[PDB]
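Q: Before anything else, here's the structure in question.
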Amino acid sequence: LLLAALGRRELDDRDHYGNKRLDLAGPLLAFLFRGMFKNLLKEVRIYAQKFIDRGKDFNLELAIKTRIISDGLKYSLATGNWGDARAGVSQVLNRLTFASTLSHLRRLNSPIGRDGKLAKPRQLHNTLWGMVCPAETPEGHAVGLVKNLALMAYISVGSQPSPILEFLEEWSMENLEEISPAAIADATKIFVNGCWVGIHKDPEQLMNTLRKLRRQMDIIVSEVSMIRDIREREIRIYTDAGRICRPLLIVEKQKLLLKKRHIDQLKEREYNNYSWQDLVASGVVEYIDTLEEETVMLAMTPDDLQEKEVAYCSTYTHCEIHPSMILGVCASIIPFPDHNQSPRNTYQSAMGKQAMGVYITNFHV
Amino acid sequence: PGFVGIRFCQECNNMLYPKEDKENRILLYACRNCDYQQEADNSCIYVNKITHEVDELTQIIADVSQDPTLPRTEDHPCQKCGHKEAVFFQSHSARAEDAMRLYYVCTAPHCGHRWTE
Amino acid sequence: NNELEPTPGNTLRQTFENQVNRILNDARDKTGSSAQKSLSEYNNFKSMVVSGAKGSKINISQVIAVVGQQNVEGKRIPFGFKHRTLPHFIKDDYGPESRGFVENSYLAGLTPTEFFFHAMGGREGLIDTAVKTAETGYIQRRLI
Amino acid sequence: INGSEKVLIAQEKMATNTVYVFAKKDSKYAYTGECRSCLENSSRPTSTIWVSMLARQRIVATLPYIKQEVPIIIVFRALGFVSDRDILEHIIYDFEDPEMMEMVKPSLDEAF
Amino acid sequence: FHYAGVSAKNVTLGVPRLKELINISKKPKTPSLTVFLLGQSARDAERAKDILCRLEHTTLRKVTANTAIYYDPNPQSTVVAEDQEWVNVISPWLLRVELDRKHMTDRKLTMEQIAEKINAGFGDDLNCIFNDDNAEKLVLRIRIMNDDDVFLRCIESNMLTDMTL
DNA sequence: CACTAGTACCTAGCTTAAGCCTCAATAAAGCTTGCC
DNA sequence: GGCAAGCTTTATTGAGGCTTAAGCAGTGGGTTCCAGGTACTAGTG
Ligand SMILES: [Zn+2]
Ligand SMILES: [Zn+2]
């Protein structure tokens, strides 16, 4: 707060998508099951308070009533009134087109309510690049609030931070309960899932080590993200469940690591059993989330951006796989969508969900 | 002139406060928890730079040379080590970013020199 | 190099942004005029524009020559990342292509950064159209 | 669910456990920090603490389940840190920039 | 509408200005005037700058460069060791405020005008000694005439805010 | 003669007025000494 | 030593600053939910 009152650090944006999480079915059903399991415990306590004061022993199969844990899930999924709070969480699946079915399963809802005269929760922020489609949005009174996920974007399902904390204590990281407060400002503050776990003195060769473990999947899962803030001495590792990442290629010095032998082993699938996950394991692609996109130098295409010219930067770290993967599922069926105007792309993204067609193969059943 | 720092007690380690000597006409720092006194160093007990002429090179750190997303030059050598390559960037700060001043940081290892062009 | 001098009445940065927007608007206008001197009188874009039935000279300039500067809230594409607009650009890049100027036309098609900046300008237009409706209808109701 | 095919739409939210600094330009606060703190695998929901500088330059904190604007130094003393020097060690990590110490000085001198 | 990069006076024409006319808003988003100049000042940019400075709300904060308070019990020999200290030949803590030359040039102000506004706004409780046009350093030294020491800081905040020069 | 079931009865921001909270002249109320 | 023009006190009374409803463009199509909990009796084992 003092750095913000000085301006030595800029203020924070509410719409930067490094500042947001996506509650999927996992966290949503977990948030529902917390309350409903707690209510089942409360009803078991009420039953036991009734049947100890008669001096008798309770009957435990009558203690646990099953409707409070099943009818509640059935109500919150059948109605969408997410509680006994907000609404519209579970929508009925749209089965007019297979494109509409796919686009309804890849839809994000901003929790900001409707009919607001402001524009900043609705606009196409810069950090929607590659994670969420720029064109597809409902053009009614929910422009920008309801969005559709991009193609290769993937929401990190999250893992436990404890192997990362064991790895940091393995190396020369100094915990907060064992430091002097004099050597803090000449070293980098290191965070895990937000909580500040200690200090480290040498931030380079720590970030190189953490990345070297993620390009091998030794300890750290591929979804977990390291971010070295370089201007202000911080290094933060997120292992949350809900962050939104997308795979990018990896560029050593000025060369892709996607060599010809990977394409040779990758053309011959169902034979070599060489999958995508073998290529993530090979240290060639990796998932970059939105915080880490603020600290990455991203080549658009390799045929332009690793060849020597009047050089732009020559310090690329990642390369985009293909730019057409910034688009959603409904904006992917548009031929030449860069030649159109962008409201026309949005309107087609609306109409492509409404086209008649063979919506499913078992439609006769 | 210069900035004024917070003085500290020696016994209870709280903040010392300015007061006057009615006898010797000198300023004395005095705590409010305990009863400890110190002789002042300067007459300047408060200061307020309002025009905000700050030395931006102090806020620059040397480690920002390791950033890949900063642009490099071989057009400006470092004055100390003579290394030809250096990154360059804006002020990155509020109470600033009205002028577009470049600050250069030499990217050579174990020099870390920064300067203003 | 601090060789730019500030215009009286605004900062050095707003002086700079006036210079950059003035050059790019001059480029859009000069390329727009030099496109529309070459229709050869049978071009159907000119047939609909000259009659005034559908379209304008700006649509001819954007289809043939250059889309032009994309804007969000009346200024250029803001730095949504830390001091850069997209992660493909170097930090503190105030150039044309970094900040949202589209030099391609709809006949050639846009590069993906220009596609995304164009999608930003279009989202601003759709937000305007969707938010305008209720407030204008309520003004009409109060007046009647 | 009852023969009806249901889709859980992914719901955005602000990222938890992460410090943010925003500006309520209409309120009485110049710069307000927040941290929607929520421990993973905890049945209780998130509980946002706010740390906000007053616009006039004291700094206060809005804690959960406490309705008044508690000063920062009150909370640091309430954590068993009695010295002003120790609290200033935990807040300002360099003692060689006197400008930030001068800015925290009125908030420190609220609660002596 | 495109907009003007230069000052552009936030005109907000369209739906919200129509709203501000339709419901009579006592807090409009952008109030303004259109001050037409009378005579030769309408055809002179310099007299128009003079009217421009005589209309714009100029506090002391827009003109000051920095300020500090000091403890000098002997005004004849200050710790700064500047020149005009012999203008004196009462309180030992003083207010040493240094102005820039640029905003004093642009607002067309002098030292004596500022000191007279401070004396008129504060009575005989305050003492102001200014600097002549010898250096760029424009010094005002302010003393209390006869709660304790922080009261001078309180009137420093109450003098940067609303002197209305 | 006991248990259980079936069914019948009991219980996001805006804006603007508008009421409510505090602060500065001011005339009655009573001293106060100045003149008779 | 008593009234009286003036000073001091004391309500006093009109004039500046803080929370709170109440409004917020239109027309069609699908889904879900509106009673549950005890009480008192009949039929069946
Ligand atoms: Zn002490
Ligand atoms: Zn060097």
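Residue numbering restarts at 1 in every chain; chains get A, B, ... in the order shown in the structure tokens, and ligands count up from 1 in that same order.
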Kindly provide the residues of chain B that approach ligand 2 to within 12 Å, each paired with its closest atom pair and their distance in Å to one decimal, based on only C-alpha atoms and all ligand atoms, listed by chain and increasing number, as a Markdown table.

A:
```
| residue | atom | partner | partner_atom_place_in_ligand_line | distance |
| --- | --- | --- | --- | --- |
| B:62 | CA | ligand 2 | 1 (Zn) | 9.6 |
| B:65 | CA | ligand 2 | 1 (Zn) | 10.5 |
| B:76 | CA | ligand 2 | 1 (Zn) | 11.0 |
| B:77 | CA | ligand 2 | 1 (Zn) | 8.2 |
| B:78 | CA | ligand 2 | 1 (Zn) | 4.9 |
| B:79 | CA | ligand 2 | 1 (Zn) | 6.7 |
| B:80 | CA | ligand 2 | 1 (Zn) | 5.2 |
| B:81 | CA | ligand 2 | 1 (Zn) | 4.5 |
| B:82 | CA | ligand 2 | 1 (Zn) | 6.5 |
| B:83 | CA | ligand 2 | 1 (Zn) | 6.1 |
| B:84 | CA | ligand 2 | 1 (Zn) | 9.0 |
| B:85 | CA | ligand 2 | 1 (Zn) | 9.1 |
| B:86 | CA | ligand 2 | 1 (Zn) | 8.4 |
| B:87 | CA | ligand 2 | 1 (Zn) | 11.1 |
| B:104 | CA | ligand 2 | 1 (Zn) | 10.0 |
| B:105 | CA | ligand 2 | 1 (Zn) | 7.6 |
| B:106 | CA | ligand 2 | 1 (Zn) | 4.7 |
| B:107 | CA | ligand 2 | 1 (Zn) | 7.1 |
| B:108 | CA | ligand 2 | 1 (Zn) | 6.0 |
| B:109 | CA | ligand 2 | 1 (Zn) | 8.1 |
| B:110 | CA | ligand 2 | 1 (Zn) | 8.0 |
| B:111 | CA | ligand 2 | 1 (Zn) | 4.5 |
| B:112 | CA | ligand 2 | 1 (Zn) | 5.3 |
| B:113 | CA | ligand 2 | 1 (Zn) | 4.3 |
| B:114 | CA | ligand 2 | 1 (Zn) | 7.2 |
| B:115 | CA | ligand 2 | 1 (Zn) | 9.4 |
```

Q: Keeping N, CA and C atoms, export the residues of the selection given above as a JSON list (two decimals), in the first residue's frame.

A:
```
[["chain", "number", "residue", "atom", "x", "y", "z"],
["B", 62, "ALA", "N", 19.73, -3.35, -10.31],
["B", 62, "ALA", "CA", 20.58, -3.92, -11.35],
["B", 62, "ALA", "C", 20.03, -5.21, -11.93],
["B", 65, "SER", "N", 18.25, -6.03, -15.56],
["B", 65, "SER", "CA", 18.94, -6.41, -16.78],
["B", 65, "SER", "C", 18.65, -7.84, -17.20],
["B", 76, "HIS", "N", 24.75, 1.98, -27.12],
["B", 76, "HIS", "CA", 25.19, 2.76, -25.96],
["B", 76, "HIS", "C", 26.03, 1.89, -25.04],
["B", 77, "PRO", "N", 27.34, 2.08, -24.99],
["B", 77, "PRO", "CA", 28.16, 1.29, -24.07],
["B", 77, "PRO", "C", 28.08, 1.82, -22.65],
["B", 78, "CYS", "N", 28.35, 0.92, -21.71],
["B", 78, "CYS", "CA", 28.40, 1.28, -20.31],
["B", 78, "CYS", "C", 29.63, 2.15, -20.03],
["B", 79, "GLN", "N", 29.46, 3.12, -19.13],
["B", 79, "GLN", "CA", 30.57, 4.00, -18.81],
["B", 79, "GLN", "C", 31.61, 3.30, -17.95],
["B", 80, "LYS", "N", 31.19, 2.41, -17.06],
["B", 80, "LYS", "CA", 32.14, 1.77, -16.16],
["B", 80, "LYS", "C", 32.88, 0.63, -16.85],
["B", 81, "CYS", "N", 32.15, -0.41, -17.25],
["B", 81, "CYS", "CA", 32.79, -1.62, -17.72],
["B", 81, "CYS", "C", 33.00, -1.64, -19.23],
["B", 82, "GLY", "N", 32.45, -0.68, -19.96],
["B", 82, "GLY", "CA", 32.64, -0.64, -21.39],
["B", 82, "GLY", "C", 31.89, -1.69, -22.17],
["B", 83, "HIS", "N", 30.95, -2.39, -21.53],
["B", 83, "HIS", "CA", 30.17, -3.40, -22.22],
["B", 83, "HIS", "C", 29.19, -2.73, -23.16],
["B", 84, "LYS", "N", 29.13, -3.22, -24.39],
["B", 84, "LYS", "CA", 28.42, -2.52, -25.45],
["B", 84, "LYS", "C", 26.91, -2.69, -25.38],
["B", 85, "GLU", "N", 26.40, -3.71, -24.70],
["B", 85, "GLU", "CA", 24.97, -4.00, -24.68],
["B", 85, "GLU", "C", 24.34, -3.51, -23.39],
["B", 86, "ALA", "N", 23.16, -2.91, -23.50],
["B", 86, "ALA", "CA", 22.46, -2.41, -22.32],
["B", 86, "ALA", "C", 20.96, -2.39, -22.60],
["B", 87, "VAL", "N", 20.17, -2.74, -21.59],
["B", 87, "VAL", "CA", 18.72, -2.65, -21.74],
["B", 87, "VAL", "C", 18.26, -1.22, -21.48],
["B", 104, "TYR", "N", 19.04, 3.40, -18.72],
["B", 104, "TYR", "CA", 19.81, 2.32, -19.29],
["B", 104, "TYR", "C", 20.40, 1.50, -18.16],
["B", 105, "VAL", "N", 20.41, 0.19, -18.33],
["B", 105, "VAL", "CA", 21.06, -0.71, -17.38],
["B", 105, "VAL", "C", 21.98, -1.62, -18.17],
["B", 106, "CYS", "N", 23.27, -1.62, -17.82],
["B", 106, "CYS", "CA", 24.21, -2.50, -18.48],
["B", 106, "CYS", "C", 23.91, -3.95, -18.12],
["B", 107, "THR", "N", 23.76, -4.79, -19.13],
["B", 107, "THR", "CA", 23.37, -6.17, -18.92],
["B", 107, "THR", "C", 24.54, -7.10, -18.64],
["B", 108, "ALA", "N", 25.76, -6.57, -18.54],
["B", 108, "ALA", "CA", 26.92, -7.41, -18.30],
["B", 108, "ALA", "C", 26.88, -7.96, -16.88],
["B", 109, "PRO", "N", 27.30, -9.21, -16.67],
["B", 109, "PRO", "CA", 27.24, -9.79, -15.33],
["B", 109, "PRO", "C", 28.27, -9.17, -14.40],
["B", 110, "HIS", "N", 27.87, -9.02, -13.13],
["B", 110, "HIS", "CA", 28.68, -8.52, -12.02],
["B", 110, "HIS", "C", 29.19, -7.10, -12.22],
["B", 111, "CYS", "N", 28.58, -6.31, -13.12],
["B", 111, "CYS", "CA", 28.74, -4.87, -13.09],
["B", 111, "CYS", "C", 27.44, -4.20, -12.65],
["B", 112, "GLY", "N", 26.35, -4.45, -13.37],
["B", 112, "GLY", "CA", 25.04, -3.97, -13.00],
["B", 112, "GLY", "C", 24.87, -2.47, -13.01],
["B", 113, "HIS", "N", 25.66, -1.76, -13.80],
["B", 113, "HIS", "CA", 25.62, -0.30, -13.77],
["B", 113, "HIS", "C", 24.41, 0.22, -14.52],
["B", 114, "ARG", "N", 23.79, 1.25, -13.96],
["B", 114, "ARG", "CA", 22.64, 1.91, -14.55],
["B", 114, "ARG", "C", 22.97, 3.39, -14.70],
["B", 115, "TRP", "N", 22.37, 4.02, -15.70],
["B", 115, "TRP", "CA", 22.58, 5.45, -15.89],
["B", 115, "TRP", "C", 21.41, 6.01, -16.69]]
```

Q: Near chain E, meaning an atom within 12 Å, which residues of chain F appear when counting only C-alpha atoms (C1' of nucleotides)? Write them as a short mmCIF file (atom, residue, chain, number, x, y, z; two decimals) with N, CA and C atoms (P, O5', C5', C4', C3', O3' and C1' of nucleotides), in the first residue's frame.

A:
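Done, and the output landed in selection.cif:
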```
data_model
loop_
_atom_site.label_atom_id
_atom_site.label_comp_id
_atom_site.auth_asym_id
_atom_site.auth_seq_id
_atom_site.Cartn_x
_atom_site.Cartn_y
_atom_site.Cartn_z
P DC F 14 -20.71 5.24 -10.67
"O5'" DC F 14 -21.48 6.63 -10.67
"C5'" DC F 14 -22.25 7.01 -9.55
"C4'" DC F 14 -23.63 7.46 -9.97
"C3'" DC F 14 -24.29 8.45 -9.04
"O3'" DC F 14 -23.82 9.82 -9.28
"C1'" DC F 14 -25.85 6.81 -9.83
P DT F 15 -24.34 10.75 -10.50
"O5'" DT F 15 -25.71 11.37 -9.96
"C5'" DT F 15 -26.84 11.43 -10.82
"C4'" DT F 15 -28.11 11.69 -10.02
"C3'" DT F 15 -28.01 12.82 -8.99
"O3'" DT F 15 -29.19 13.57 -9.03
"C1'" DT F 15 -28.84 10.91 -7.96
P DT F 16 -29.18 15.14 -8.72
"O5'" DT F 16 -30.72 15.53 -8.81
"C5'" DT F 16 -31.71 14.50 -8.82
"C4'" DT F 16 -32.48 14.47 -7.51
"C3'" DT F 16 -32.16 15.64 -6.57
"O3'" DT F 16 -33.35 16.11 -5.96
"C1'" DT F 16 -31.93 13.64 -5.43
#
```

Q: How would you report the residues lying within 12 Å of ligand 1, as a PyMOL selection string, if you count only C-alpha atoms (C1' of nucleotides) and all ligand atoms?

A: (chain B and resi 7-17+29-38) or (chain D and resi 82-85+112)

Q: Could you list, with a cut-off of 10 Å and counting only C-alpha atoms, the residues of chain D near chain B, each shown with its nearest atom pair and the distance in Å rounded to one decimal, rows sorted by chain and ascending number, as a Markdown table?

A:
```
| residue | atom | partner | partner_atom | distance |
| --- | --- | --- | --- | --- |
| D:82 | CA | B:14 | CA | 8.6 |
| D:83 | CA | B:14 | CA | 5.4 |
| D:84 | CA | B:14 | CA | 4.5 |
| D:85 | CA | B:13 | CA | 5.7 |
| D:86 | CA | B:13 | CA | 8.0 |
| D:87 | CA | B:14 | CA | 9.6 |
| D:88 | CA | B:14 | CA | 9.7 |
| D:95 | CA | B:5 | CA | 8.3 |
| D:96 | CA | B:5 | CA | 8.2 |
| D:97 | CA | B:5 | CA | 8.0 |
| D:98 | CA | B:5 | CA | 4.7 |
| D:99 | CA | B:3 | CA | 6.6 |
| D:100 | CA | B:5 | CA | 9.2 |
| D:101 | CA | B:6 | CA | 6.6 |
| D:102 | CA | B:5 | CA | 6.8 |
| D:104 | CA | B:6 | CA | 9.8 |
| D:105 | CA | B:6 | CA | 7.7 |
| D:108 | CA | B:15 | CA | 8.5 |
| D:109 | CA | B:15 | CA | 8.5 |
| D:112 | CA | B:32 | CA | 7.9 |
```

Q: Can you tell me, as a PyMOL selection string, what residues are no more than 10 Å from residue 152 of chain E when counting only C-alpha atoms (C1' of nucleotides), ignoring any on the same chain fewer than 5 positions away?

A: chain E and resi 69+93-95+142-144+147+157-159

Q: Taking a cut-off of 7 Å and counting only C-alpha atoms, can you build a table that, for each residue of chain E near chain B, reports the nearest atom pair and how far apart they are in Å (one decimal), sorted by chain then residue number, as a tab-separated table?

A:
```
residue	atom	partner	partner_atom	distance
E:64	CA	B:50	CA	7.0
E:65	CA	B:51	CA	4.5
E:66	CA	B:49	CA	4.4
E:67	CA	B:48	CA	5.2
E:68	CA	B:47	CA	4.0
E:69	CA	B:46	CA	5.2
E:70	CA	B:44	CA	4.6
E:71	CA	B:43	CA	4.7
E:72	CA	B:43	CA	6.6
E:73	CA	B:25	CA	6.1
```

Q: Write a file of the selected residues as a PDB file, in the first residue's frame, keeping C-alpha atoms.

A:
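For reference, part.pdb as written:
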```
ATOM      1  CA  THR E  64       5.678  25.779  -4.106  1.00  0.00           C
ATOM      2  CA  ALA E  65       8.641  23.580  -4.968  1.00  0.00           C
ATOM      3  CA  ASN E  66       9.405  22.192  -1.536  1.00  0.00           C
ATOM      4  CA  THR E  67       8.944  23.102   2.090  1.00  0.00           C
ATOM      5  CA  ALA E  68      10.533  22.184   5.388  1.00  0.00           C
ATOM      6  CA  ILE E  69      10.368  23.265   8.984  1.00  0.00           C
ATOM      7  CA  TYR E  70      13.457  24.064  11.018  1.00  0.00           C
ATOM      8  CA  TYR E  71      14.564  24.841  14.554  1.00  0.00           C
ATOM      9  CA  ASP E  72      16.631  28.035  14.421  1.00  0.00           C
ATOM     10  CA  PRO E  73      16.537  29.852  17.779  1.00  0.00           C
TER      11      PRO E  73
END
```

Q: Determine which residues of segment 62-223 of chain A receive a DSSP assignment of helix (DSSP H, G or I), computed from the backbone, and state them as an MDAnalysis selection string.

A: chainID A and resid 62:63 67:78 98:104 126:128 162:170 176:178 207:214

Q: Show me, as a PyMOL selection string, the residues that have an atom within 12 Å of residue 125 of chain C when counting only C-alpha atoms (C1' of nucleotides), minus same-chain residues fewer than 3 positions from it.

A: (chain A and resi 119+122-124+139+143-144+341-344+346) or (chain C and resi 70-74+118-122+128-132)

Q: Those residues with C-alpha atoms, as a PDB file, in the first residue's frame please?

A:
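Output contents, as saved in selection_14.pdb:
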```pdb
ATOM      1  CA  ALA A 119     -17.800  -0.602 -19.577  1.00  0.00           C
ATOM      2  CA  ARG A 122     -17.308  -5.809 -20.355  1.00  0.00           C
ATOM      3  CA  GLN A 123     -14.398  -4.734 -22.535  1.00  0.00           C
ATOM      4  CA  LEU A 124     -11.907  -6.962 -24.317  1.00  0.00           C
ATOM      5  CA  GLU A 139     -24.381  -9.253 -28.271  1.00  0.00           C
ATOM      6  CA  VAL A 143     -21.569  -8.242 -24.070  1.00  0.00           C
ATOM      7  CA  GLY A 144     -18.226  -9.288 -22.653  1.00  0.00           C
ATOM      8  CA  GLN A 341     -14.922  -6.695 -39.556  1.00  0.00           C
ATOM      9  CA  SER A 342     -15.028  -7.715 -35.896  1.00  0.00           C
ATOM     10  CA  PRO A 343     -18.752  -7.047 -35.155  1.00  0.00           C
ATOM     11  CA  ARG A 344     -19.474  -9.352 -38.072  1.00  0.00           C
ATOM     12  CA  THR A 346     -19.241 -11.581 -33.203  1.00  0.00           C
TER      13      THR A 346
ATOM     14  CA  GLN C  70      -7.804   1.044 -33.560  1.00  0.00           C
ATOM     15  CA  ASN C  71      -9.033   2.856 -30.474  1.00  0.00           C
ATOM     16  CA  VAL C  72     -10.318   1.909 -27.041  1.00  0.00           C
ATOM     17  CA  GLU C  73     -12.013   4.786 -25.152  1.00  0.00           C
ATOM     18  CA  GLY C  74     -10.838   7.385 -27.651  1.00  0.00           C
ATOM     19  CA  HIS C 118      -9.477  -4.761 -34.165  1.00  0.00           C
ATOM     20  CA  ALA C 119     -11.619  -7.051 -32.006  1.00  0.00           C
ATOM     21  CA  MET C 120     -11.050  -4.630 -29.108  1.00  0.00           C
ATOM     22  CA  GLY C 121     -12.339  -1.675 -31.115  1.00  0.00           C
ATOM     23  CA  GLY C 122     -15.316  -3.728 -32.243  1.00  0.00           C
ATOM     24  CA  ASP C 128     -21.826   1.229 -26.828  1.00  0.00           C
ATOM     25  CA  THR C 129     -24.739  -0.210 -28.829  1.00  0.00           C
ATOM     26  CA  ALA C 130     -25.873  -2.542 -26.029  1.00  0.00           C
ATOM     27  CA  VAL C 131     -25.604  -0.010 -23.181  1.00  0.00           C
ATOM     28  CA  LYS C 132     -27.175   2.911 -25.118  1.00  0.00           C
TER      29      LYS C 132
END
```

Q: List every residue of chain G that has an atom at most 9 Å from any atom of chain C, and for each one report the closest atom pair and its distance in Å to one decimal, counting only C-alpha atoms (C1' of nucleotides), with rows sorted by chain and then by increasing residue number, as a tab-separated table.

A:
```
residue	atom	partner	partner_atom	distance
G:24	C1'	C:134	CA	7.8
G:25	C1'	C:134	CA	4.2
G:26	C1'	C:137	CA	8.7
```

Q: Return as JSON lines the residues of chain D lying at most 12 Å from chain E, together with the closest atom-to-atom pair for each and the distance in Å to one decimal, counting only C-alpha atoms, with rows in chain order and ascending residue number.

A:
```
{"residue": "D:56", "atom": "CA", "partner": "E:157", "partner_atom": "CA", "distance": 9.9}
{"residue": "D:57", "atom": "CA", "partner": "E:157", "partner_atom": "CA", "distance": 11.6}
{"residue": "D:106", "atom": "CA", "partner": "E:150", "partner_atom": "CA", "distance": 11.6}
```

Q: Since we have the selection now, will you write its residues out, keeping N, CA and C atoms, as a compact mmCIF listing (two decimals), in the first residue's frame?

A:
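Result file is out.txt:
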```txt
# COMPACT_ATOMS: atom_id res chain seq x y z
N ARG D 56 -6.60 12.81 2.81
CA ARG D 56 -6.77 14.09 3.49
C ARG D 56 -6.00 15.19 2.77
N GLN D 57 -2.59 11.53 6.86
CA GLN D 57 -2.41 10.39 5.97
C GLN D 57 -2.21 9.10 6.75
N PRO D 106 2.76 9.45 10.27
CA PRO D 106 1.49 9.83 10.94
C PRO D 106 0.66 8.65 11.39
```

Q: Can you tell me, as a VMD selection string, what residues are no more than 9 Å from segment 95-102 of chain B when counting only C-alpha atoms (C1' of nucleotides), ignoring any on the same chain fewer than 6 positions away?

A: (chain A and resid 6 to 8) or (chain B and resid 52 88 to 89 116 to 117) or (chain C and resid 1 to 2 11 to 14 16)

Q: Counting only C-alpha atoms (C1' of nucleotides), what is within 12 Å of residue 4 of chain G, bar same-chain residues fewer than 6 positions away, as a list in words?

A: residues 32, 33, 34, 35 and 36 of chain F

Q: Can I get the selection written as a PDB file, in the first residue's frame, with N, CA, C and O atoms (P, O5', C5', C4', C3', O3' and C1' of nucleotides)?

A:
```pdb
ATOM      1  P    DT F  32     -21.427  41.180  38.727  1.00  0.00           P
ATOM      2  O5'  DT F  32     -20.679  41.706  37.409  1.00  0.00           O
ATOM      3  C5'  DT F  32     -21.367  42.542  36.472  1.00  0.00           C
ATOM      4  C4'  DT F  32     -20.732  43.920  36.413  1.00  0.00           C
ATOM      5  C3'  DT F  32     -20.437  44.528  37.772  1.00  0.00           C
ATOM      6  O3'  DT F  32     -19.438  45.531  37.653  1.00  0.00           O
ATOM      7  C1'  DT F  32     -22.136  45.759  36.769  1.00  0.00           C
ATOM      8  P    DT F  33     -18.346  45.721  38.818  1.00  0.00           P
ATOM      9  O5'  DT F  33     -17.936  47.265  38.718  1.00  0.00           O
ATOM     10  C5'  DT F  33     -17.425  47.798  37.495  1.00  0.00           C
ATOM     11  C4'  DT F  33     -18.248  48.989  37.023  1.00  0.00           C
ATOM     12  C3'  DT F  33     -18.134  50.262  37.879  1.00  0.00           C
ATOM     13  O3'  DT F  33     -18.231  51.406  37.035  1.00  0.00           O
ATOM     14  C1'  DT F  33     -20.349  49.685  37.685  1.00  0.00           C
ATOM     15  P    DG F  34     -16.932  52.180  36.484  1.00  0.00           P
ATOM     16  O5'  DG F  34     -17.568  53.266  35.491  1.00  0.00           O
ATOM     17  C5'  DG F  34     -18.773  52.946  34.784  1.00  0.00           C
ATOM     18  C4'  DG F  34     -19.598  54.188  34.475  1.00  0.00           C
ATOM     19  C3'  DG F  34     -19.167  55.461  35.182  1.00  0.00           C
ATOM     20  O3'  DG F  34     -19.600  56.581  34.422  1.00  0.00           O
ATOM     21  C1'  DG F  34     -21.256  54.765  36.042  1.00  0.00           C
ATOM     22  P    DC F  35     -19.240  58.078  34.881  1.00  0.00           P
ATOM     23  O5'  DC F  35     -20.663  58.723  35.225  1.00  0.00           O
ATOM     24  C5'  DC F  35     -21.662  58.833  34.209  1.00  0.00           C
ATOM     25  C4'  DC F  35     -23.009  59.248  34.794  1.00  0.00           C
ATOM     26  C3'  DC F  35     -23.005  60.535  35.623  1.00  0.00           C
ATOM     27  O3'  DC F  35     -24.168  61.305  35.322  1.00  0.00           O
ATOM     28  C1'  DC F  35     -23.857  58.753  36.922  1.00  0.00           C
ATOM     29  P    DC F  36     -24.387  62.748  35.995  1.00  0.00           P
ATOM     30  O5'  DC F  36     -25.604  62.518  37.012  1.00  0.00           O
ATOM     31  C5'  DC F  36     -26.925  62.316  36.511  1.00  0.00           C
ATOM     32  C4'  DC F  36     -27.880  61.932  37.629  1.00  0.00           C
ATOM     33  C3'  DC F  36     -28.105  63.010  38.694  1.00  0.00           C
ATOM     34  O3'  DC F  36     -29.493  63.129  38.988  1.00  0.00           O
ATOM     35  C1'  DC F  36     -27.398  60.990  39.717  1.00  0.00           C
TER      36       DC F  36
END
```

Q: Between atom CA of residue 75 of chain A and atom CA of residue 94 of chain A, what is the distance, to one decimal in Å?

A: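 Here the two named atoms are 19.8 Å from each other.
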
Q: Could you please write out, as a PyMOL selection string, every residue of segment 35-67 of chain D that DSSP assigns to strand (DSSP E)?

A: chain D and resi 35-37+47-54+59-62
